[PDB]
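Shown below: model.csv, with CSV, C-alpha atoms.
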```csv
chain,number,residue,atom,x,y,z
A,1,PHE,CA,-32.6,14.1,7.0
A,2,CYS,CA,-36.4,14.2,6.3
A,3,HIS,CA,-37.2,11.2,4.2
A,4,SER,CA,-40.7,10.2,5.3
A,5,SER,CA,-42.2,12.7,7.8
A,6,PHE,CA,-46.0,12.5,8.0
A,7,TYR,CA,-48.1,13.9,10.8
A,8,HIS,CA,-51.7,12.8,11.2
A,9,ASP,CA,-55.0,14.4,12.4
A,10,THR,CA,-53.4,17.8,12.0
A,11,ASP,CA,-52.2,19.9,9.0
A,12,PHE,CA,-50.0,23.0,9.1
A,13,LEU,CA,-50.8,25.7,6.5
A,14,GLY,CA,-47.7,27.7,5.7
A,15,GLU,CA,-47.7,30.2,2.8
A,16,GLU,CA,-48.4,29.6,-0.9
A,17,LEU,CA,-51.3,27.2,-1.1
A,18,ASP,CA,-52.2,25.6,-4.5
A,19,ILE,CA,-54.7,22.9,-5.2
A,20,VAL,CA,-53.0,20.6,-7.7
A,21,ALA,CA,-55.2,18.5,-10.0
A,22,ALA,CA,-53.3,15.3,-10.5
A,23,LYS,CA,-54.1,11.7,-11.5
A,24,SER,CA,-54.5,9.5,-8.4
A,25,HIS,CA,-54.1,11.7,-5.3
A,26,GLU,CA,-51.3,9.5,-4.1
A,27,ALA,CA,-49.3,9.9,-7.3
A,28,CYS,CA,-49.4,13.6,-6.8
A,29,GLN,CA,-46.6,13.1,-4.3
A,30,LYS,CA,-44.2,12.8,-7.3
A,31,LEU,CA,-44.4,16.5,-7.6
A,32,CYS,CA,-41.7,16.7,-5.0
A,33,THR,CA,-39.6,13.9,-6.6
A,34,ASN,CA,-39.3,15.9,-9.8
A,35,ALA,CA,-39.5,19.4,-8.4
A,36,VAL,CA,-37.7,19.8,-5.1
A,37,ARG,CA,-39.3,23.1,-4.1
A,38,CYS,CA,-42.4,22.0,-2.1
A,39,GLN,CA,-43.1,21.3,1.5
A,40,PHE,CA,-46.5,20.2,3.0
A,41,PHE,CA,-48.3,17.5,1.0
A,42,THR,CA,-51.8,17.1,2.5
A,43,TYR,CA,-54.2,14.2,1.7
A,44,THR,CA,-56.7,12.1,3.6
A,45,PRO,CA,-56.7,8.2,3.6
A,46,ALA,CA,-59.4,8.7,1.0
A,47,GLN,CA,-59.1,11.6,-1.5
A,48,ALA,CA,-56.7,14.6,-1.0
A,49,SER,CA,-58.6,17.8,-1.5
A,50,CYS,CA,-58.3,18.8,2.2
A,51,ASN,CA,-60.9,16.2,3.2
A,52,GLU,CA,-62.6,14.9,0.0
A,53,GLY,CA,-61.8,15.4,-3.7
A,54,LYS,CA,-60.5,12.4,-5.7
A,55,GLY,CA,-58.3,13.9,-8.4
A,56,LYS,CA,-56.7,16.6,-6.4
A,57,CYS,CA,-54.0,17.2,-3.8
A,58,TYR,CA,-53.4,19.9,-1.1
A,59,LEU,CA,-50.0,21.4,-1.5
A,60,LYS,CA,-48.3,24.5,0.1
A,61,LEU,CA,-44.8,25.6,1.0
A,62,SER,CA,-43.1,27.6,3.7
A,63,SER,CA,-40.4,29.8,2.3
A,64,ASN,CA,-40.5,32.2,5.2
A,65,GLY,CA,-40.7,30.9,8.7
A,66,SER,CA,-44.2,32.3,9.2
A,67,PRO,CA,-46.4,30.9,12.0
A,68,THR,CA,-47.8,27.6,11.1
A,69,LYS,CA,-51.5,27.9,11.1
A,70,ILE,CA,-53.0,24.5,11.7
A,71,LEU,CA,-56.4,23.2,10.8
A,72,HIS,CA,-57.6,20.2,12.8
A,73,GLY,CA,-60.0,17.3,13.1
A,74,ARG,CA,-61.4,16.9,9.6
A,75,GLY,CA,-58.0,16.0,8.1
A,76,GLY,CA,-55.9,13.0,7.4
A,77,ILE,CA,-52.2,12.8,6.5
A,78,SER,CA,-49.8,15.7,6.0
A,79,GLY,CA,-46.1,15.2,5.3
A,80,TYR,CA,-42.9,16.4,3.6
A,81,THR,CA,-40.4,14.1,1.8
A,82,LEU,CA,-37.0,14.1,0.1
A,83,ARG,CA,-34.5,17.0,0.3
A,84,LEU,CA,-37.0,19.8,-0.6
A,85,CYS,CA,-37.6,20.2,3.2
A,86,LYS,CA,-34.4,22.2,3.2
A,87,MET,CA,-36.1,24.8,1.1
A,88,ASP,CA,-37.8,25.9,4.3
A,89,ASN,CA,-35.0,28.2,5.3
A,90,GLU,CA,-33.2,28.1,2.0
B,1,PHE,CA,-69.6,47.8,3.2
B,2,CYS,CA,-70.2,44.1,3.0
B,3,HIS,CA,-72.8,42.4,0.9
B,4,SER,CA,-73.2,38.7,-0.1
B,5,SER,CA,-70.5,38.4,-2.8
B,6,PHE,CA,-69.5,35.1,-4.2
B,7,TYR,CA,-66.3,35.0,-6.4
B,8,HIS,CA,-65.9,31.8,-8.4
B,9,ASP,CA,-62.9,29.9,-9.7
B,10,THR,CA,-60.9,31.8,-7.1
B,11,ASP,CA,-60.5,31.3,-3.4
B,12,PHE,CA,-59.0,33.8,-1.1
B,13,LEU,CA,-57.7,32.6,2.3
B,14,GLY,CA,-55.6,34.6,4.8
B,15,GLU,CA,-55.0,33.4,8.3
B,16,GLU,CA,-57.0,30.6,9.9
B,17,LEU,CA,-58.3,27.5,8.2
B,18,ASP,CA,-61.0,25.2,9.6
B,19,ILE,CA,-63.5,22.7,8.2
B,20,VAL,CA,-66.6,21.3,9.8
B,21,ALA,CA,-68.9,18.5,8.8
B,22,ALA,CA,-72.4,19.6,8.3
B,23,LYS,CA,-75.1,18.4,5.9
B,24,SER,CA,-76.7,20.6,3.2
B,25,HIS,CA,-73.4,22.3,2.1
B,26,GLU,CA,-75.0,25.6,1.2
B,27,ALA,CA,-76.7,26.0,4.6
B,28,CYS,CA,-73.3,26.2,6.1
B,29,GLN,CA,-73.2,29.9,5.1
B,30,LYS,CA,-75.8,30.6,7.7
B,31,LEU,CA,-73.6,29.4,10.5
B,32,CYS,CA,-71.6,32.6,9.9
B,33,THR,CA,-74.8,34.6,10.1
B,34,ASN,CA,-75.8,33.1,13.4
B,35,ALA,CA,-72.3,32.9,14.8
B,36,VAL,CA,-70.1,35.9,14.0
B,37,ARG,CA,-66.5,34.7,13.8
B,38,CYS,CA,-66.0,33.5,10.3
B,39,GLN,CA,-65.3,35.9,7.4
B,40,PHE,CA,-64.9,33.9,4.2
B,41,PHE,CA,-66.7,30.7,3.5
B,42,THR,CA,-65.4,28.3,0.9
B,43,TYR,CA,-68.0,26.5,-1.2
B,44,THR,CA,-68.6,24.9,-4.6
B,45,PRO,CA,-72.0,24.5,-6.3
B,46,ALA,CA,-71.4,20.7,-6.4
B,47,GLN,CA,-70.1,19.5,-3.1
B,48,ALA,CA,-68.4,22.4,-1.3
B,49,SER,CA,-65.5,21.6,1.1
B,50,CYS,CA,-62.6,23.2,-0.9
B,51,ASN,CA,-64.0,21.5,-4.1
B,52,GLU,CA,-65.4,18.1,-3.2
B,53,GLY,CA,-66.8,17.1,0.2
B,54,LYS,CA,-70.6,16.6,0.1
B,55,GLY,CA,-71.2,17.5,3.7
B,56,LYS,CA,-68.2,19.6,4.7
B,57,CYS,CA,-68.1,23.4,5.1
B,58,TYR,CA,-64.8,25.2,4.7
B,59,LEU,CA,-64.2,28.5,6.3
B,60,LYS,CA,-61.2,30.8,6.9
B,61,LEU,CA,-60.8,33.9,9.0
B,62,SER,CA,-58.5,36.9,8.5
B,63,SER,CA,-58.1,39.4,11.3
B,64,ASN,CA,-55.2,41.4,10.0
B,65,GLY,CA,-54.2,42.4,6.5
B,66,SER,CA,-52.0,39.4,6.1
B,67,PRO,CA,-50.6,38.1,2.7
B,68,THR,CA,-53.6,36.7,0.9
B,69,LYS,CA,-53.1,33.3,-0.5
B,70,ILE,CA,-55.2,32.7,-3.6
B,71,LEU,CA,-56.4,29.8,-5.7
B,72,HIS,CA,-57.0,30.2,-9.4
B,73,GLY,CA,-58.7,27.8,-11.9
B,74,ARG,CA,-59.6,25.3,-9.2
B,75,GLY,CA,-63.2,26.7,-9.2
B,76,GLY,CA,-63.3,27.3,-5.5
B,77,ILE,CA,-65.8,30.0,-4.7
B,78,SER,CA,-65.6,31.8,-1.4
B,79,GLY,CA,-68.3,34.2,-0.4
B,80,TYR,CA,-68.8,37.2,1.9
B,81,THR,CA,-72.0,37.1,3.9
B,82,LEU,CA,-73.0,40.3,5.7
B,83,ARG,CA,-72.0,42.1,8.9
B,84,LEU,CA,-68.9,40.2,10.2
B,85,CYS,CA,-66.9,41.3,7.1
B,86,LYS,CA,-65.8,44.3,9.1
B,87,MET,CA,-63.4,42.2,11.2
B,88,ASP,CA,-61.5,41.4,7.9
B,89,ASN,CA,-59.1,44.1,8.9
B,90,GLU,CA,-60.1,44.4,12.6
```
Any chance you could give the structure as structure tokens?
Amino acid sequence: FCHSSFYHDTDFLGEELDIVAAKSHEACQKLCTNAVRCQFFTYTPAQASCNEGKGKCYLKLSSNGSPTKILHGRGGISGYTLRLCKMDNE
Amino acid sequence: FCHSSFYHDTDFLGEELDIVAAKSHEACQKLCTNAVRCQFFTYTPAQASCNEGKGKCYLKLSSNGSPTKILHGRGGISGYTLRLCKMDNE
């Protein structure tokens, strides 16, 4: 029970943040379809590197229930999909 | 003590994340020199703003010695500026 959950205008930064260099910032989403151990996939309606950045994507996970530090305004879409959401609390 | 130190290919962020839209991406550094409440600024020689952005300045603030989240190989260069670095652990 997660499927497509994407919040807009806001992005919650959890723990391990990595900037993935993928082909087509949209297609980067597939990282969670092959590897079910991710959480927040961030990307703007244009580009995905936090605000700009074409061949990139903004990815981080919450393994511990740490306080979700949220950046605001200059963002776009942030969501989690598939069953890997359950990794949040193992 | 703190001196202007810019480490490349490696971005260190701790607590808070925020990104503002200002032109002349290098000049953004000086907003931390005039307004003391931003510790690490994220920049790239090309566009800044994580990696690409053109006119976006990326900054992050760490008050406590929280788990430092680190980017490697993505060429993100964060820089220390001058006096406010004391609050890194304050």
Local residues around (-60.0, 19.6, 1.1), at most 9 Å away, using all atoms listed in the file, as a PyMOL selection string: (chain A and resi 19+42-44+47-53+56-58+75) or (chain B and resi 19+49-53+56+58)
Report chain A as a short mmCIF file (atom, residue, chain, number, x, y, z; two decimals) with C-alpha atoms, in the coordinates of the input in the frame of chain B, after least-squares superposition over all C-alpha atoms paired in order.
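Generated file (selection-v7.cif):
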```
data_model
loop_
_atom_site.label_atom_id
_atom_site.label_comp_id
_atom_site.auth_asym_id
_atom_site.auth_seq_id
_atom_site.Cartn_x
_atom_site.Cartn_y
_atom_site.Cartn_z
CA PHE A 1 -71.74 47.27 3.22
CA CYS A 2 -70.87 43.64 2.21
CA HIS A 3 -74.12 41.78 1.95
CA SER A 4 -73.53 39.27 -0.85
CA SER A 5 -69.90 39.33 -2.10
CA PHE A 6 -68.91 36.13 -3.93
CA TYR A 7 -65.93 35.78 -6.21
CA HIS A 8 -65.70 32.83 -8.57
CA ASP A 9 -62.88 30.64 -10.05
CA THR A 10 -60.57 31.95 -7.36
CA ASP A 11 -60.36 31.56 -3.53
CA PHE A 12 -58.27 33.63 -1.12
CA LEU A 13 -56.81 31.73 1.87
CA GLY A 14 -56.30 34.09 4.78
CA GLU A 15 -55.36 32.73 8.24
CA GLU A 16 -57.24 30.24 10.44
CA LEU A 17 -58.58 27.54 8.17
CA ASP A 18 -61.13 25.00 9.55
CA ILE A 19 -63.05 22.39 7.67
CA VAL A 20 -66.56 22.51 9.11
CA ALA A 21 -68.72 19.38 8.87
CA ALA A 22 -72.23 20.65 8.42
CA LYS A 23 -75.53 19.32 7.02
CA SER A 24 -76.00 20.45 3.40
CA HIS A 25 -72.91 22.43 2.34
CA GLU A 26 -75.10 25.37 1.49
CA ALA A 27 -76.66 25.51 4.94
CA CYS A 28 -73.24 25.81 6.39
CA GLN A 29 -73.40 29.47 5.42
CA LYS A 30 -75.60 30.02 8.53
CA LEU A 31 -72.48 29.84 10.54
CA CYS A 32 -71.98 33.48 9.81
CA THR A 33 -75.66 34.39 10.47
CA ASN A 34 -75.37 33.12 14.03
CA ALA A 35 -71.70 33.78 14.66
CA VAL A 36 -70.48 37.01 13.12
CA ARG A 37 -66.76 36.25 13.36
CA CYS A 38 -65.99 34.54 10.00
CA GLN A 39 -64.88 35.71 6.64
CA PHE A 40 -64.24 33.48 3.53
CA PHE A 41 -66.90 30.82 2.93
CA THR A 42 -65.63 28.54 0.13
CA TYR A 43 -67.78 25.95 -1.73
CA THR A 44 -68.09 24.67 -5.27
CA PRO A 45 -71.45 24.52 -7.24
CA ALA A 46 -71.35 20.90 -6.15
CA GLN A 47 -69.99 20.01 -2.67
CA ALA A 48 -67.87 22.45 -0.53
CA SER A 49 -64.79 20.68 0.68
CA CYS A 50 -62.45 22.83 -1.49
CA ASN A 51 -63.54 20.99 -4.64
CA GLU A 52 -65.53 17.87 -3.59
CA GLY A 53 -66.88 16.72 -0.21
CA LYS A 54 -70.67 16.73 0.33
CA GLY A 55 -71.14 17.33 4.04
CA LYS A 56 -68.42 19.82 4.56
CA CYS A 57 -67.57 23.48 4.03
CA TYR A 58 -64.28 25.45 3.60
CA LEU A 59 -64.11 28.25 6.08
CA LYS A 60 -61.24 30.64 7.15
CA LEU A 61 -60.91 34.15 8.48
CA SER A 62 -58.52 37.05 8.16
CA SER A 63 -57.98 38.77 11.45
CA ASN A 64 -54.66 40.23 10.43
CA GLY A 65 -54.25 41.76 7.05
CA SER A 66 -51.85 39.04 5.92
CA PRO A 67 -51.25 38.49 2.18
CA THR A 68 -54.08 36.71 0.61
CA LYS A 69 -52.78 33.52 -0.78
CA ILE A 70 -55.03 32.40 -3.58
CA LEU A 71 -55.57 28.96 -4.97
CA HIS A 72 -56.98 28.81 -8.50
CA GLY A 73 -58.67 26.78 -11.19
CA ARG A 74 -60.10 23.80 -9.33
CA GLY A 75 -62.47 25.95 -7.24
CA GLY A 76 -65.94 27.30 -7.35
CA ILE A 77 -67.53 30.04 -5.23
CA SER A 78 -65.92 31.97 -2.39
CA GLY A 79 -67.69 34.80 -0.57
CA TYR A 80 -68.28 36.75 2.66
CA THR A 81 -71.72 37.92 3.90
CA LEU A 82 -73.40 40.01 6.60
CA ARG A 83 -71.52 42.38 8.95
CA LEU A 84 -68.78 39.87 10.01
CA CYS A 85 -66.67 41.28 7.09
CA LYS A 86 -65.85 44.12 9.43
CA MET A 87 -64.01 41.69 11.63
CA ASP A 88 -61.23 41.87 9.06
CA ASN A 89 -59.62 44.88 10.63
CA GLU A 90 -61.60 44.77 13.82
#
```
Straight-line distance linking CA of residue 26 in chain A with CA of residue 79 in chain A, stated in Å to one decimal: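 So the two atoms, CA of residue 26 in chain A and CA of residue 79 in chain A, lie 12.2 Å apart.
Picture a line from CA of residue 62 in chain B to CA of residue 22 in chain B; it runs 22.2 Å.
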Top pick for closest residue to chain B, considering A:66, A:24, A:39, A:4 and counting all atoms listed in the file: A:66
From B:68, B:29, B:36, B:87, residue lying nearest chain A [all atoms listed in the file]: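 Result for the nearest residue to chain A: B:68.
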Minimum-distance residue to residue 88 in chain B, chosen among B:32, B:27, B:70, B:38 (using only C-alpha atoms): B:38
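Residue nearest residue 74 in chain B, chosen from B:89, B:34, B:5, B:10 and counting only C-alpha atoms: B:10.
One finds CA of residue 73 in chain A at 27.9 Å from CA of residue 83 in chain B.
Distances to chain A were evaluated for B:7, B:31, B:54, B:41 using only C-alpha atoms, and the minimum falls at B:54.
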Of the listed residues B:82, B:20, B:77, B:2, that which approaches chain A most closely, counting all atoms listed in the file: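 Among B:82, B:20, B:77, B:2, it is B:20 that comes nearest to chain A.
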Long-range neighbours of residue 17 in chain B as a list in words, 8 Å cut-off, all atoms listed in the file, 5 positions minimum in chain: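 Using all atoms listed in the file, the neighbours found are residues 13, 69, 70 and 71 of chain A; 58, 59, 60 and 61 of chain B.
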